[PDB]
Amino acid sequence: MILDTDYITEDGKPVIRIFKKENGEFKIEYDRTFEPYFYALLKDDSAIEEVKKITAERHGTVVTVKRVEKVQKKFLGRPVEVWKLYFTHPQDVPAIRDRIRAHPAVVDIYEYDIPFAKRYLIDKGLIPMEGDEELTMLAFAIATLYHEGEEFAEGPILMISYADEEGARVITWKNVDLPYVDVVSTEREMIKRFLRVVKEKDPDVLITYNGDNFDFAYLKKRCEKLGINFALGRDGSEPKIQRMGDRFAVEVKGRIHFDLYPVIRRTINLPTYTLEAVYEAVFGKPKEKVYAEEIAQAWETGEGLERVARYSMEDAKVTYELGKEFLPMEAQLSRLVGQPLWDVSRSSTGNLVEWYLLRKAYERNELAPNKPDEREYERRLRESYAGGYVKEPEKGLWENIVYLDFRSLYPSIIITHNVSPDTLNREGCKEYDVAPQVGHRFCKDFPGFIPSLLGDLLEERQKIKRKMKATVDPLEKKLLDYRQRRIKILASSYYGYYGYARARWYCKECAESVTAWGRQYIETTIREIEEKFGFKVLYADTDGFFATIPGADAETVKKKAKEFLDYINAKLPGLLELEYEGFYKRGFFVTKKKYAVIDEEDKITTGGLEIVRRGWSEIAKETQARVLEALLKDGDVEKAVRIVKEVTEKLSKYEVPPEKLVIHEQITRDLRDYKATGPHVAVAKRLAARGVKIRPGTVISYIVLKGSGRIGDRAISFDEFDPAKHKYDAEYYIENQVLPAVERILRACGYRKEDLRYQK
DNA sequence: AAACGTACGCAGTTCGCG
DNA sequence: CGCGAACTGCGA
Ligand SMILES: *OCCCN1/C(=C/C=C/C=C/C2=[N+](CCCO)c3ccccc3C2(C)C)C(C)(C)c2ccccc21
Ligand SMILES: [Mg+2]
Ligand SMILES: [Mg+2]
Ligand SMILES: [Mg+2]
Ligand SMILES: [Mg+2]
């Protein structure tokens, strides 16, 4: 099993390191024969001798062309003749590529910015994470001493916990009487003890939750202050911080640092992504959270540290269990993309596509297009195109609703209509498909590059969807459901890649052709179900719609829906397939992107509602949730109205706990870059002026008090709320929080109650 | 050096124009 | 003051 690859430099020459696990043993395979290269398209063959003499410099090293070789390749399927330029070191290429491209006889250069380690795995046909080798894993977490206004890692680390199959333990330098706690005397001794534990256990995988941003950076800073060599790497190196765009990540040489946060963030849909919320969503069990202030109080007074040590232990325990569950999913994606799990688990879906395209292009001797330069990138950013079809929803509380959607609308269109940059407006093409409205022609004579790849990806998803249905175990079934959804989004991300400005295989004509065909197909299914089966489509968005037969009972709606599915699937061509998603006994559709339905098990699913979003207080979400249940489950409009009257009366009489009035909103930039100052920005600016560290990602938790001025003038951070001096704004939480969250819902059901609120 | 990206859509807060 | 634009943030 190949775990990872990188390169080092020995005496000026690059040495590829292949990190492997074979027969239960970690091994490093070295390759000193791999030469970096890129391609040059020349105006005339005779200029190659002048191109060979181009030189450059980098860090005191004179860069020259080592060897050139003429090769026959394809570019978007058409034969091309380019020169392969070899170099000694991969760092030579960035230093010299601009001067080579600037030569008057050089038309363009290609494949000049592919990282040396990824170039090696592609050109050698090597796939990570293959085989039956069992990987050893170890999760860890830290607890720190925090005080408001201090620099990052100004206070010491208090606890370091870890967990594997042998259990979970905590290392700390204060006496805590728990059997899983190991006590040392100083923070330095605890760090060095943790370093020892990792050395003796020698795990292949280090699991964290947000270790890319907090744990490793905190450990790093503390190790510099204490003079500790944090030699976590299998080659004796320290963890290395890396940067991708605006995100940071930490690698440990010879191992796989598996940070679960970017994995869970795009695998599960949750309102918040705390470790406690993630563990509860996956395993169905709650996890207690102990906050930084209680940790500091327990450590500094010495009272109540067992609770802190239990929280620290459970942090490591649930991180190991989560990592164990999600490793197989990310291992498969690593095999599918063809890049190490460290990169695949963190990289954007654009690179998940492009890294695979680069590998398949190499297998087919297809020259890769370049990432755009500054002018082309800006031009792609400005241009846009039409997207999915969204229908204005029908008002009212409807009954006996079916939701029908396409299995994989955009990948199906790409394959069926052969939508690819190498098939667009192809000369001398015999048979082609013309996209509606946008009019682009896609050749059908030969399968396009990208269409020829999506079919296998879709089948991999159907394989997981089959194993999911055949698995009775609820946890294993849920994990497979997470897995098949990741593959579905990855495949559909091929359409978005077509419109992504940084894409090598960018194709705006391809992107708007896919959406145009998508709009045509959903409008076709909508027209057919209404005309031929007497259905009424209530709401539709991009690849699915809600429909019913007005006045019919549940059995008739169900029976006629399957009949229509047989009818429409016979008509729909290629890979397009409409599916029976589910039946719902009641539902309403507030606006576009806003709806709520309930199945025959009384389970309420919603879309785009306030119960999920940030910026809404608990009293508003709770009241909305109770109104949803009263309308959907009980069908009782008078009960829903009664609930609103009771909640607004409780607010007017100050009987609602102020904890239910906290509003959480995230700061997304430096406070200087805000052009308008709203409630959460005004609070953040007031906090920062007092020494509180405000950074992008900081969540502001405020409450609106009775006072004067704008809402921002009345809002204060909830951590400073004192019920002895502060009285909250009851009129605000009624008129701006509770009422907007229920009034649109009740109106969408056809009930515009004048005096919903208590008194006024 | 490497780059978290597709269109469509709602809605709260703020504040000058007419 | 009604209205709407600008800003802001998030949600197939
Ligand atoms: O390499 C040839 C081009 C040189 N060049 C520039 C290079 C910038 C490199 C960025 C390095 C970097 N890393 C390491 C990359 C892997 O993450 C890193 C890791 C972690 C945190 C931060 C960082 C950074 C910040 C920056 C610059 C210097 C930009 C430049 C300017 C003009 C011409 C050539 C180059
Ligand atoms: Mg790497
Ligand atoms: Mg664009
Ligand atoms: Mg069909
Ligand atoms: Mg006027």
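Values below: every heavy atom of this structure, side chains too, minus hydrogens, waters and symmetry copies. Letters A, B, ... are given to chains in the order of the sequence lines, protein chains preceding strands, and every chain is numbered from 1.
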Let's see if you can work this out: which of [options] has an atom nearest to the side-chain heavy atoms of [X]?
X: A:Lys592; options: B:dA3, B:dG9, B:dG12; value: B:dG9
X: A:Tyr385; options: B:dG12, B:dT6, B:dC10; value: B:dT6
X: A:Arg614; options: B:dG9, C:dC10, B:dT14; value: C:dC10
X: A:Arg97; options: B:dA1, B:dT14, B:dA3; value: B:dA1
X: A:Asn736; options: B:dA1, C:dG11, B:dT13; value: B:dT13
X: A:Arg247; options: B:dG9, B:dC4, B:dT6; value: B:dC4
X: A:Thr349; options: B:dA11, B:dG9, B:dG5; value: B:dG5
X: A:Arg613; options: B:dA11, B:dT6, B:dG9; value: B:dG9
X: A:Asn351; options: C:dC10, B:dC4, B:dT6; value: B:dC4
X: A:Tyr500; options: B:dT13, B:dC4, B:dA11; value: B:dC4

Using a heavy-atom cut-off of under 4.0 Å over every strand shown, decide if [X] touches base, sugar-phosphate, or nothing.
X: A:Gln666; result: sugar-phosphate
X: A:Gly544; result: nothing
X: A:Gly496; result: sugar-phosphate
X: A:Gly615; result: nothing
X: A:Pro740; result: sugar-phosphate
X: A:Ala386; result: sugar-phosphate
X: A:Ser384; result: sugar-phosphate

For atom [atom1] of [X] and atom [atom2] of [N], their distance in whole Å:
X: A:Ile711; N: C:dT8; atom1: CD1; atom2: P; answer: 16 Å
X: A:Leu490; N: B:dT6; atom1: CG; atom2: P; answer: 16 Å
X: A:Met244; N: B:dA3; atom1: CE; atom2: P; answer: 7 Å
X: A:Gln624; N: B:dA11; atom1: CD; atom2: P; answer: 11 Å
X: A:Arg714; N: B:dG12; atom1: CZ; atom2: P; answer: 15 Å
X: A:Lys240; N: B:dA2; atom1: NZ; atom2: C1'; answer: 13 Å
X: A:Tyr732; N: B:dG12; atom1: OH; atom2: P; answer: 9 Å
X: A:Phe589; N: B:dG9; atom1: CZ; atom2: P; answer: 17 Å

I want to check one thing: is the phosphate of [N], taken as OP1 and OP2, less than 4.0 Å away from some side-chain N or O of [X]?
X: A:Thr515; N: B:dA7; value: no
X: A:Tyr112; N: B:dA2; value: no
X: A:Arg502; N: B:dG5; value: no
X: A:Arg744; N: B:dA11; value: yes
X: A:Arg266; N: B:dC4; value: no
X: A:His680; N: B:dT13; value: no
X: A:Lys593; N: C:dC10; value: no
X: A:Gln242; N: B:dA2; value: no

*For the residue pair A:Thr698 and A:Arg695, confirm or rule out a side-chain donor-acceptor distance under 3.5 Å.*
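Short answer, no.
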*Between the base of B:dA2 and the side chain of A:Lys371, is there any donor-acceptor pair under 3.5 Å?*
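A donor-acceptor contact between them is absent.
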_What's the gap between C:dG11 and B:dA3 when it is taken at their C1' atoms, as a whole Å value?_
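Approximately 25 Å lies between the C1' atom of C:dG11 and that of B:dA3.
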Would you mind reporting whether [Y] and [X] have side-chain heavy atoms less than 4.5 Å apart?
X: A:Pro340; Y: A:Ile256; result: no
X: A:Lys240; Y: A:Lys253; result: yes
X: A:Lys508; Y: A:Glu383; result: yes

*Going by number, which of residues 667-676 of chain A have a non-hydrogen atom under 4.0 Å from DNA chain B?*
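Here the set is empty: none.
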*Toward the 5' end of DNA chain B, by each residue's nearest nucleotide, A:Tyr410 or A:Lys391*: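 Result: A:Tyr410.
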*asked:* Could you check whether A:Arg502 makes a cation-pi contact with A:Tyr377, meaning its NZ or CZ is under 6.0 Å from the centre of the six-membered ring and within 45° of the ring axis?
replied: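 Because its charged atom sits under 6.0 Å from the ring centre and within 45° of the axis, A:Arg502 does stack over A:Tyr377.
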Donor-acceptor contact below 3.5 Å, side chain [X] vs main chain [Y]:
X: A:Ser617; Y: A:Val662; result: no
X: A:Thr416; Y: A:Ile413; result: no
X: A:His440; Y: A:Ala435; result: no

_Can you tell me which residue among A:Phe442, A:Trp517, A:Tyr410 is in a ring pair (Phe, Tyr, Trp, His ring centres under 6.0 Å) with A:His417?_
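Of A:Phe442, A:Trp517, A:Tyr410, ring pair (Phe, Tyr, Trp, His ring centres under 6.0 Å) with A:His417 is met by A:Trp517 alone.
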*Per the ring pair (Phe, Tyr, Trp, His ring centres under 6.0 Å) rule, which among A:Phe546, A:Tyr584, A:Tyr580, A:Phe589 passes with A:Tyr403?*
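Testing each of A:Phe546, A:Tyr584, A:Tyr580, A:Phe589 against A:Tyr403, the sole residue satisfying ring pair (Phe, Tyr, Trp, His ring centres under 6.0 Å) is A:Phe546.
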